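Please read the structure below before turning to the comments.
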Amino acid sequence: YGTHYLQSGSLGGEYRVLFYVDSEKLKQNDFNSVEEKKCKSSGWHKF
Amino acid sequence: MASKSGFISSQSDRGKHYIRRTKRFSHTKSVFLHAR
């Protein structure tokens, strides 16, 4: 039967909402390019 | 790589080509939904 009785009070209804949204998005491109050339030509002046 | 000599006459040539290619891709998707 509990610890107390109701001496007075009010009756009706209760309504509650908690609502939570959390979005994270990441996009990442890392592009590197090395192009190297060396070339040489030699000959006396025949070769 | 390329190399040449030219000069009676003589001609010499060397060539080399090398290619290596790698593609790796992974995709992971997960959904958990619970309602009570």
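Simple scheme: letters A, B, ... for chains in structure tokens order, numbers from 1 for residues in each chain, numbers from 1 for ligands in the order shown.
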
Query raised in the report: Which residues of chain A are close to chain B, meaning at most 9 Å apart when you count only C-alpha atoms, and how do they look as a VMD selection string?
Result: chain A and resid 39 41 46 to 47

Query - Secondary structure check, strand (DSSP E or B) residues of chain B, as a PyMOL selection string - result: chain B and resi 2-6+11-15

For the residues in the current selection, export N, CA, C and O atoms as an mmCIF file, in the first residue's frame.
```cif
data_model
loop_
_atom_site.group_PDB
_atom_site.id
_atom_site.type_symbol
_atom_site.label_atom_id
_atom_site.label_comp_id
_atom_site.auth_asym_id
_atom_site.auth_seq_id
_atom_site.Cartn_x
_atom_site.Cartn_y
_atom_site.Cartn_z
ATOM 1 N N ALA B 2 65.587 4.562 -72.792
ATOM 2 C CA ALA B 2 66.041 4.401 -74.165
ATOM 3 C C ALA B 2 67.517 4.756 -74.223
ATOM 4 O O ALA B 2 67.973 5.643 -73.497
ATOM 5 N N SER B 3 68.263 4.057 -75.075
ATOM 6 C CA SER B 3 69.633 4.455 -75.363
ATOM 7 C C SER B 3 70.008 4.075 -76.787
ATOM 8 O O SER B 3 69.514 3.088 -77.339
ATOM 9 N N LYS B 4 70.933 4.857 -77.348
ATOM 10 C CA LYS B 4 71.269 4.859 -78.765
ATOM 11 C C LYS B 4 72.773 5.037 -78.897
ATOM 12 O O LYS B 4 73.389 5.761 -78.111
ATOM 13 N N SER B 5 73.359 4.378 -79.893
ATOM 14 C CA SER B 5 74.616 4.816 -80.486
ATOM 15 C C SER B 5 74.589 4.582 -81.988
ATOM 16 O O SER B 5 74.061 3.570 -82.455
ATOM 17 N N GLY B 6 75.156 5.525 -82.739
ATOM 18 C CA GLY B 6 75.188 5.423 -84.185
ATOM 19 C C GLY B 6 76.472 5.966 -84.779
ATOM 20 O O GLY B 6 76.947 7.033 -84.379
ATOM 21 N N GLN B 11 75.041 0.627 -85.523
ATOM 22 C CA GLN B 11 73.923 1.165 -84.762
ATOM 23 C C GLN B 11 73.595 0.209 -83.624
ATOM 24 O O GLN B 11 73.514 -1.007 -83.829
ATOM 25 N N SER B 12 73.381 0.769 -82.432
ATOM 26 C CA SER B 12 72.939 0.022 -81.263
ATOM 27 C C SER B 12 71.801 0.765 -80.576
ATOM 28 O O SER B 12 71.829 1.995 -80.470
ATOM 29 N N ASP B 13 70.806 0.010 -80.110
ATOM 30 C CA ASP B 13 69.658 0.542 -79.390
ATOM 31 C C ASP B 13 69.332 -0.382 -78.227
ATOM 32 O O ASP B 13 69.365 -1.609 -78.371
ATOM 33 N N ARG B 14 68.997 0.215 -77.082
ATOM 34 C CA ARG B 14 68.363 -0.508 -75.986
ATOM 35 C C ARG B 14 67.094 0.224 -75.568
ATOM 36 O O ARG B 14 67.071 1.456 -75.510
ATOM 37 N N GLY B 15 66.043 -0.539 -75.284
ATOM 38 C CA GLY B 15 64.832 0.011 -74.702
ATOM 39 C C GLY B 15 64.343 -0.812 -73.528
ATOM 40 O O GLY B 15 64.490 -2.032 -73.497
#
```
